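Chains as they are written, first to last, in this note's numbering: chain A, 1 to 76; chain B, 1001 to 1134; chain C, 2001 to 2416. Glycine is no exception: its CB is placed at the ideal position from the N, C-alpha and C atoms. Some notes on the structure that comes next.
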Amino acid sequence: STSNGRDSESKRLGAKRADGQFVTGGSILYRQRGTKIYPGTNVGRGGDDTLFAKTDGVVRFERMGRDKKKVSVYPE
Amino acid sequence: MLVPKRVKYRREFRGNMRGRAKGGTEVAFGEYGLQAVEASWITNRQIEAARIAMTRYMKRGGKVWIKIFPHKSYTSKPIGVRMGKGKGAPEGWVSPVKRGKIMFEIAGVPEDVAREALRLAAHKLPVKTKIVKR
Amino acid sequence: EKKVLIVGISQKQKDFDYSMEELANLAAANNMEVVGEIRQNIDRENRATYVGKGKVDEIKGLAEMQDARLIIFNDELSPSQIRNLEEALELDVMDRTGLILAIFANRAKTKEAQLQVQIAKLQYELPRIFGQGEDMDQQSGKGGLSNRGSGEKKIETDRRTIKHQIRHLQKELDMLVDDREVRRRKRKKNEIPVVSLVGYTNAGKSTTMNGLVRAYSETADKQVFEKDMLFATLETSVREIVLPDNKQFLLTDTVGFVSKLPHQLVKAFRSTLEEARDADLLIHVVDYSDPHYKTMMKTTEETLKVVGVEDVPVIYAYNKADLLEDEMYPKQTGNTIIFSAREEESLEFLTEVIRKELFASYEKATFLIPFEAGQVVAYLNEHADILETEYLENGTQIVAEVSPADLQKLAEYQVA
RNA sequence: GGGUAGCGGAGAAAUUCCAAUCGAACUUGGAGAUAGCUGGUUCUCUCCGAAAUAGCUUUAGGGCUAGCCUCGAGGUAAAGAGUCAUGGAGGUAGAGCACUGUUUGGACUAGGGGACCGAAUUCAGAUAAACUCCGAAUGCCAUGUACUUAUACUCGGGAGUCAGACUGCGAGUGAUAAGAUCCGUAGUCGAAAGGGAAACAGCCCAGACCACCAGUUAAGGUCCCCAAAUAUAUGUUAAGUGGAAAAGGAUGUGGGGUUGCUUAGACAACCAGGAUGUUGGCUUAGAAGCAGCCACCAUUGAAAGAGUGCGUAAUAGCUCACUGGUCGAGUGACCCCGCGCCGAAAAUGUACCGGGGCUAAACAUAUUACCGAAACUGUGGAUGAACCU
RNA sequence: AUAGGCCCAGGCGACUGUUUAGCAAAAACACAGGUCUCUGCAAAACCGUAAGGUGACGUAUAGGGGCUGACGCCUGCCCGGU
RNA sequence: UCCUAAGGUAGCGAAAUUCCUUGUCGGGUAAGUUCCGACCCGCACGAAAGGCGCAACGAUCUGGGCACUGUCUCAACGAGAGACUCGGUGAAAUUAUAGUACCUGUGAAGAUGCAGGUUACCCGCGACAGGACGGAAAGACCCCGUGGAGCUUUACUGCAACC
RNA sequence: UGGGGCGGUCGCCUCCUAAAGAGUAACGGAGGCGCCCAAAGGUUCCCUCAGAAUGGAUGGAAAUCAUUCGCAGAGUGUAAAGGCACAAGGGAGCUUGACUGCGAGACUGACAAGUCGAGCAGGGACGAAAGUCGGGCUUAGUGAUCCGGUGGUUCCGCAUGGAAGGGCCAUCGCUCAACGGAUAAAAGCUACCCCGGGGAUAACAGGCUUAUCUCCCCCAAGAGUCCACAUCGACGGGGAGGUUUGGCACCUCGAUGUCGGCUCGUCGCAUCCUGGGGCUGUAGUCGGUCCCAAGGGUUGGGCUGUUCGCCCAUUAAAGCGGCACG
RNA sequence: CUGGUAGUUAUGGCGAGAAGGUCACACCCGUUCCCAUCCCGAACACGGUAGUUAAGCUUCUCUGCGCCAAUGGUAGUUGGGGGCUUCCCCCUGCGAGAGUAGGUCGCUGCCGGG
Ligand SMILES: Nc1nc2c(ncn2[C@@H]2O[C@H](COP(=O)(O)OP(=O)(O)CP(=O)(O)O)[C@@H](O)[C@H]2O)c(=O)[nH]1
Ligand SMILES: [Mg+2]
Ligand SMILES: [Mg+2]
Ligand SMILES: [Mg+2]
Ligand SMILES: [Mg+2]
Ligand SMILES: [Mg+2]
Ligand SMILES: [Mg+2]
Ligand SMILES: [Mg+2]
Ligand SMILES: [Mg+2]
Ligand SMILES: [Mg+2]
Ligand SMILES: [Mg+2]
Ligand SMILES: [Mg+2]
Ligand SMILES: [Mg+2]
Ligand SMILES: [Mg+2]
Ligand SMILES: [Mg+2]
Ligand SMILES: [Mg+2]
Ligand SMILES: [Mg+2]
Ligand SMILES: [Mg+2]
Ligand SMILES: [Mg+2]
Ligand SMILES: [Mg+2]
Ligand SMILES: [Mg+2]
Ligand SMILES: [Mg+2]
Ligand SMILES: [Mg+2]
Ligand SMILES: [Mg+2]
Ligand SMILES: [Mg+2]
Ligand SMILES: [Mg+2]
Ligand SMILES: [Mg+2]
Ligand SMILES: [Mg+2]
Ligand SMILES: [Mg+2]
Ligand SMILES: [Mg+2]
Ligand SMILES: [Mg+2]
Ligand SMILES: [Mg+2]
Ligand SMILES: [Mg+2]
Ligand SMILES: [Mg+2]
Ligand SMILES: [Mg+2]
Ligand SMILES: [Mg+2]
Ligand SMILES: [Mg+2]
Ligand SMILES: [Mg+2]
Ligand SMILES: [Mg+2]
Ligand SMILES: [Mg+2]
Ligand SMILES: [Mg+2]
Ligand SMILES: [Mg+2]
Ligand SMILES: [Mg+2]
Ligand SMILES: [Mg+2]
Ligand SMILES: [Mg+2]
Ligand SMILES: [Mg+2]
Ligand SMILES: [Mg+2]
Ligand SMILES: [Mg+2]
Ligand SMILES: [Mg+2]
Ligand SMILES: [Mg+2]
Ligand SMILES: [Mg+2]
Ligand SMILES: [Mg+2]
Ligand SMILES: [Mg+2]
Ligand SMILES: [Mg+2]
Ligand SMILES: [Mg+2]
Ligand SMILES: [Mg+2]
Ligand SMILES: [Mg+2]
Ligand SMILES: [Mg+2]
Ligand SMILES: [Mg+2]
Ligand SMILES: [Mg+2]
Ligand SMILES: [Mg+2]
Ligand SMILES: [Mg+2]
Ligand SMILES: [Mg+2]
Ligand SMILES: [Mg+2]
Ligand SMILES: [Mg+2]
Ligand SMILES: [Mg+2]
Ligand SMILES: [Mg+2]
Ligand SMILES: [Mg+2]
Ligand SMILES: [Mg+2]
Ligand SMILES: [Mg+2]
Ligand SMILES: [Mg+2]
Ligand SMILES: [Mg+2]
Ligand SMILES: [Mg+2]
Ligand SMILES: [Mg+2]
Ligand SMILES: [Mg+2]
Ligand SMILES: [Mg+2]
Ligand SMILES: [Mg+2]
Ligand SMILES: [Mg+2]
Ligand SMILES: [Mg+2]
Ligand SMILES: [Mg+2]
Ligand SMILES: [Mg+2]
Ligand SMILES: [Mg+2]
Ligand SMILES: [Mg+2]
Ligand SMILES: [Mg+2]
Ligand SMILES: [Mg+2]
Ligand SMILES: [Mg+2]
Ligand SMILES: [Mg+2]
Ligand SMILES: [Mg+2]
Ligand SMILES: [Mg+2]
Ligand SMILES: [Mg+2]
Ligand SMILES: [Mg+2]
């Protein structure tokens, strides 16, 4: 007597590294659909829109123009 | 009897009635209003009864504004049905009213008839009210 | 407005063309859009489907291609016929008996009528409890020797719990009769004559009273509801009419009625049709313009027979004589009147008719009332119709047509 | 006296009879069949001490891995906990109409109509778990060299647990019911004794190593049962309200704030007048202030209505509005606030303060003493761990 | 002391009989009668691994099986499916 | 006129079969949800699972009468065997220890035993059954167990037998 | 699985519930999937939508043109969410990276599995070059092992040489959809029933709740010969009781006997009779309604197992309920 | 002064009005060549400068639209405590959205001509 009752398992999106935390090259910084965060310096976008560091450094979430953000990695 | 023509979703949460009214706490159109002092649900039948009782007394004189509308809907289960197996079929429409809301309007009649019509309407509603002036 | 469908059969009836179009009008009143209609010429109704297994296919076909949701049947359905028609159509069904019950429940503005509708509606559900019992018997609980549970079978129990509500409403409805007799006490303690209008629906009943009131009533601002709706009136109303020559009587209204009326509403009608049983005259208003009028008389006289309205003298009134071509209304033949309840003449002519049946025993008389102490001259000028008065020196000789209860009430003041 | 024997026999048929046993006899053996089920499982002290959750499962009252407990050993760029300072991701509460739905009143109107419906525009006003131009408090992830504080982690041996309960807060289902059901968050019980709620797993206070005829306090209390105030100051209640229950009703009582007349005499009473054209005019058998309709001036006067109520049948009659005098202190009109009143009905027996009983021994504000636990302290003992000599 | 109460009407079963030792004696079973079908004798059917038997020391007016159930009047349509 | 292999004939019919239903009409009774006779509107009769009748028979089921009566209105009395007292002999089911009140309330939501009150000198004998959720029988009803057994079939896999 | 059965469902993707990190249940509220594309992929170059108004009009509300306004009101193979105008949207040229061997380091996570990935080597496509390319704007379009079939192979080959047969790499055969798949292979009745357990779970009775039910009220349109309140009171609103129909599953399954009658009663008052009183549409008789009152009373029969009900005949009256439906 | 080229959340934009120049930059003229149109030398590409500031471009003025934006107050809320519990009240800390005072017709860096 119910046509509902079904759902999909969660995908654990969000941020996986914090601002100012030292990061190792090749590690995921953000799992997300579409582009809520843009890739800044020393960082790239994966096939499914994840953001991963490319060199060792310190994570920083900057701001681009008014209504969008970006994340960058700065070496030590 | 006020009922929305269309609804995006048939079933709805019941909600809560915490805090003062978001807006509409001052009389704007007419010169007399019926302001709720406590919070309650108002079905469309109560609105119909109050409006009829209030328009009949003025003998089709002046104008009356209904400041609330029953957007929400509620469901129910028949007698003899156990719990579960989905939600119930909708029955009616309600207007959750928070305290401080002015929910009736009178204009075009003197003090006495307006006050008496508002008093007559206030006895058909399940909420304590008071009569305010612009 | 809901979309419905209209189904019926012949089964040896004699106005199947007419009893089928009432069901259209009865559907319009209940706010339903009659989309189509189905007719089948058979001699007797089917024992299982009321139409025969053939036409069940083309009601399902027609309601699928016309977007129907409810099916109305011209005659009452057995519990088994309802059960079989449900599954064969998987649609709501309803018979004519419940169609009036839907009309009356939405036009009962007094508990006088609200209680009577509700008791009759509960007596309808009692036979259907079996079909409710049948489907509910699937989860019978089953088992066997329990040694620790309940009394009799479930069918016994659910029949007892619905009979219990009936007798309770019977008690409440019995006390209704005591209440209505208190309001008749003043009329009955006096002997004011009462004349009760009866007739078929939409015959011109209210239109008549609302005319005799605006002409011969002291409080003319007390009118009644006259409209174009079917079953406008569903109550009795009394009004005091006083003719210009100082005669009074009471005029009562009546709820109109139609054929094929459930036998469990006539028991409710029996209460609301009390003013007619005690009426000393009846006015039967009939819709003279409709060619179906001759059949309208039969269904109303066979209905007064059930409730005990008999032996009261009747005068037959034929309204709507304006529409008929070349009609020289008003006119009286036998106990029959031709008029239209719109012109004052028909209403002025009708009032002079009733005077003969009610006030024919008021005979001529004379009296001598001394001037020095009067207070009877006023009484003559209200409870009589003065012809001439000779104000003498000895006092006041008078000639008036007084009632037989005023001859011997003033038998000392009478002179030769 | 004989015949038919259990994977069988007999049955005028009932699952009927075959040694008090028959939907498949009795006896011995396989055999201590198997039982994810119920019951039982025996001496003591010391240290630590849970779970009722996730995933999968012919799975749901069973099991496996993970989570939570315990014992042993390790290595330091000391990694655990709390707060402070700094930086971030995230759109909930709230709010708002900038998008999408729902929606009220007004103006105008495309379009059709020989005026009437009515798309779009604008003005003003609302609404939203699956709306957002905005957007907190908390929580979370990091950095530090800041200040305190004692854990974290890896490897290995041994488990138990996977029926949870109520209470406070945030939601769903339900009827904005349930000592209901299902999640998130904190607590207690489970596995917690002691003091208060009369009695009472889950509520409030608080964590029992042993002994003492020692002291100070917590919740709750100080008229008697029953330890300690018939305590102090200022007010309210008359209802046993306190010690049960709404819409609605009311000349209950207390405190404030407004406003008319008045010792050139206020209100209440008593004395006196209270009238004339005129029975105002229509209407009616009538209608003379008082069935109904229209009108509603003047005369004398200090006053007096073309009449407030009763009354006749029309009168007749009684009375009021109004004025003068008599006696001489205040008298009406409204708003707010506190505490009370009615609405108020059930079955063994007072029975909706634990009892007696209370007009404070009730309520509000403020102040001070005391009583009160296995809590904390004092004295004397027993013992575990860590670290020193 | 011992020794038929009777009458009117209806349902079921024709009748006498049999049945659940130890809850049901009946409308249930049996029955005489009706019908269908198998069997030419080392008969068909049944018991037994076989030998050997019952049928039967019988022979189609005989024997085994299915259904109906005295007696009276009757027993309609369908051979597509099995 | 469509489909099928063909569309229920005779007889009976609120029935051991009718849910609605106490169908409707008549009879019997002061009063008749039962009974008899009719109607057919057969939820869902019907011809060897036989249809419709039928004298005799029945510890068969159902309705009505005559006679008779303690079955009743409404209970008297009397006889015998128990029961009761005395002498002889002498068990059993049950049983945590017991100095074993009532009311209202509380509590695993129905208390002799807990709280507040109200009653109550100690010990027996003859009687009655409200309670000790009284005794007896590890509930049959209900659900569960990857329990059992008996039975069925166009469930799966096999075996006898026969061709 | 708010007892079991009937009904519905069983795997994967998107949103709300979900309480501003992640995660989070219910037979809670809404939808989709078991594919498609040889260009709907790669690269280089170029540009930009929906809609509205005005005119020609075959041709209208709507086809194809021209101008103006126009931040997305369009589109993105498909459901929804997040995103995209310096395209991820739309055209054209060339092509097959829809490559082979790999992979530091991370996310998710009980396991099995799932996801992202800079960068190295081999050999290419597009481009002048810088450079981009290990399918599609991103998230669904899929099932292990065992067993077989097809192709390759510098592997083994039971005395030796072969072979039969295996091993390794690539790939095919599942509505094993009850989708972590018991087997290659499987439906019902039990009232003739039996064993082990459970008040972890239903039927009677108790308990909580009071939607429903009974009773009592508030406002008052109206009915009542005029006349809201003698007597009723619609549309609406507020409570009390625990007798009805229900919801929950807290005690009882190592037994709490379950309907009507009979015998015996006893309590409540929301009073059927009798007693006292107010109002009356109280002339009198006969009545109606409300207030105070629980002291005693409150029938005999026909039908049905019936409680109930209908009927006959009486009575001052033939009360409604509680007590394990006493 | 002007041409080219970057940074910065529109305080930078939209709109309105005026002035300027062949030094630069454009409009402009042409299609033989390189090159191009699902057609079109419109665009793109190439070859030139008779005319022009009309527009592009630069500079100047504004508050009409847009944009940024306090202070005070308020909603909400962590912690603690109370009630007559559809919800409400008190103490401490934090503290919006809307509305408004006010601000805006940009501010910086490098290279080439005058
Ligand atoms: N043509 C015509 N129409 C008339 C006449 N009299 C009455 N009617 C119409 O008949 C219509 C029916 O109204 P009416 O008959 O008064 O209602 P009613 O009789 O009370 C119906 P019910 O009996 O159920 O109360 C009215 O609309 C009226 O105009 C007549 O003489 N001629
Ligand atoms: Mg999701
Ligand atoms: Mg990609
Ligand atoms: Mg991809
Ligand atoms: Mg059974
Ligand atoms: Mg049973
Ligand atoms: Mg009428
Ligand atoms: Mg022998
Ligand atoms: Mg045998
Ligand atoms: Mg049997
Ligand atoms: Mg047996
Ligand atoms: Mg036998
Ligand atoms: Mg035996
Ligand atoms: Mg063995
Ligand atoms: Mg410890
Ligand atoms: Mg367990
Ligand atoms: Mg483990
Ligand atoms: Mg909100
Ligand atoms: Mg370990
Ligand atoms: Mg688990
Ligand atoms: Mg669990
Ligand atoms: Mg839980
Ligand atoms: Mg709760
Ligand atoms: Mg619970
Ligand atoms: Mg435990
Ligand atoms: Mg404790
Ligand atoms: Mg305690
Ligand atoms: Mg208590
Ligand atoms: Mg003391
Ligand atoms: Mg009290
Ligand atoms: Mg009040
Ligand atoms: Mg009492
Ligand atoms: Mg002290
Ligand atoms: Mg201590
Ligand atoms: Mg010490
Ligand atoms: Mg026999
Ligand atoms: Mg027997
Ligand atoms: Mg032989
Ligand atoms: Mg037979
Ligand atoms: Mg035949
Ligand atoms: Mg054949
Ligand atoms: Mg054939
Ligand atoms: Mg009958
Ligand atoms: Mg019979
Ligand atoms: Mg009869
Ligand atoms: Mg009969
Ligand atoms: Mg048969
Ligand atoms: Mg046959
Ligand atoms: Mg027979
Ligand atoms: Mg027969
Ligand atoms: Mg016979
Ligand atoms: Mg016999
Ligand atoms: Mg004796
Ligand atoms: Mg003895
Ligand atoms: Mg309790
Ligand atoms: Mg008790
Ligand atoms: Mg005691
Ligand atoms: Mg004794
Ligand atoms: Mg027992
Ligand atoms: Mg058991
Ligand atoms: Mg078996
Ligand atoms: Mg959170
Ligand atoms: Mg989250
Ligand atoms: Mg879920
Ligand atoms: Mg689906
Ligand atoms: Mg296998
Ligand atoms: Mg070799
Ligand atoms: Mg070899
Ligand atoms: Mg599917
Ligand atoms: Mg399977
Ligand atoms: Mg699975
Ligand atoms: Mg999985
Ligand atoms: Mg049987
Ligand atoms: Mg058992
Ligand atoms: Mg339970
Ligand atoms: Mg129960
Ligand atoms: Mg009990
Ligand atoms: Mg539970
Ligand atoms: Mg026991
Ligand atoms: Mg009383
Ligand atoms: Mg009285
Ligand atoms: Mg009494
Ligand atoms: Mg009799
Ligand atoms: Mg009982
Ligand atoms: Mg009960
Ligand atoms: Mg009860
Ligand atoms: Mg120059
Ligand atoms: Mg050329
Ligand atoms: Mg900006
Ligand atoms: Mg501020
Ligand atoms: Mg602000």
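From the DSSP output, in three-state form, read off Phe-2349 of chain C for me.
Along the third sequence, one-based indexing puts residue 2349 of chain C at 349. DSSP places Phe-2349 of chain C in helix when its eight states are reduced to three.
Own chain partners of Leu-1002 of chain B with C-beta closer than 7 Å, once the 5 adjacent residues on each side are dropped
As a working mapping, residue 1002 of chain B is identified with position 2 in the second sequence. The beta carbon of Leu-1002 of chain B is closer than 7 Å to those of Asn-1044, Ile-1047, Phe-1069, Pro-1070 in its chain, skipping five residues each way along the sequence.
Would you tell me roughly how many angstroms separate the C-alpha atoms of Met-1058 of chain B and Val-1113 of chain B, rounded to the nearest one?
For the purposes of this step, residue 1058 of chain B is taken as the residue at position 58 of the second sequence. For the purposes of this step, residue 1113 of chain B is taken as the residue at position 113 of the second sequence. Rounded to whole angstroms, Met-1058 of chain B to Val-1113 of chain B spans 7 Å at the Cα level.
Looking at the structure shown, is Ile-1131 of chain B part of a helix, part of a strand, or coil, going by DSSP?
By 1-based counting over the second sequence, the position of residue 1131 of chain B is 131. If DSSP states are grouped into helix, strand and coil, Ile-1131 of chain B belongs with the strands.
Assigned secondary structure, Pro-2291 of chain C (DSSP; H/G/I helix, E/B strand, else coil):
Here residue 2291 of chain C is taken as the residue at index 291 of the third sequence, counted from 1. The answer is coil: DSSP assigns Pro-2291 of chain C none of H, G, I, E or B.
Test: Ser-72 of chain A CB closer than 8 Å to a CB of chain B:
Indexing the first sequence from 1 puts residue 72 of chain A at position 72. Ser-72 of chain A has a beta carbon lying at 8 Å or more from every beta carbon in chain B.
Taking one C-beta from the region 2398-2413 of chain C and one from the region 2354-2373 of chain C each time, how about it: are there three or more such pairs within less than 8 Å?
Using a Cβ-Cβ distance cut-off of 8 Å, the region 2398-2413 of chain C and the region 2354-2373 of chain C are in contact, since at least three pairs of beta carbons, one from each stretch, lie closer than that value.
Taking the beta strand (DSSP E) that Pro-39 of chain A falls in, what are its first and last residues?
Walking along the first sequence from the start, residue 39 of chain A turns up at place 39. For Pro-39 of chain A, the uninterrupted beta strand (DSSP E) segment begins and ends at 37-39.
If you check the beta carbons only, do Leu-2099 of chain C and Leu-2026 of chain C fall under 8 Å apart?
Position 99 of the third sequence, counted from the start, is the residue given in the question as residue 2099 of chain C. Position 26 of the third sequence, counted from the start, is the residue given in the question as residue 2026 of chain C. In this structure, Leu-2099 of chain C places its C-beta atom within 8 Å of the C-beta atom of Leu-2026 of chain C.
Is there a Cβ of chain A sitting closer than 8 Å to that of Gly-1086 of chain B, yes or no?
Numbered from its first residue, the second sequence carries residue 1086 of chain B at position 86. Chain A, which has a Cβ nearer than 8 Å to the Cβ of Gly-1086 of chain B, makes this yes.
Can a CB atom of chain B be found closer than 8 Å to the CB of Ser-10 of chain A?
Stepping through the first sequence from its first residue, residue 10 of chain A is reached at position 10. So no, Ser-10 of chain A is outside the interface.
Where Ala-2068 of chain C and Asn-2030 of chain C are concerned, what is the direct C-alpha to C-alpha distance, given to the nearest angstrom?
One-based indexing of the third sequence puts residue 2068 of chain C at position 68. One-based indexing of the third sequence puts residue 2030 of chain C at position 30. Roughly 16 Å between the two C-alpha positions.
Would you call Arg-2183 of chain C buried or exposed, if buried means 16 or more other Cβ atoms sit within 10 Å of its Cβ?
Your numbering for residue 2183 of chain C matches position 183 in the third sequence. Counting Cβ neighbours within 10 Å, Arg-2183 of chain C comes out exposed, since fewer than 16 surround it.
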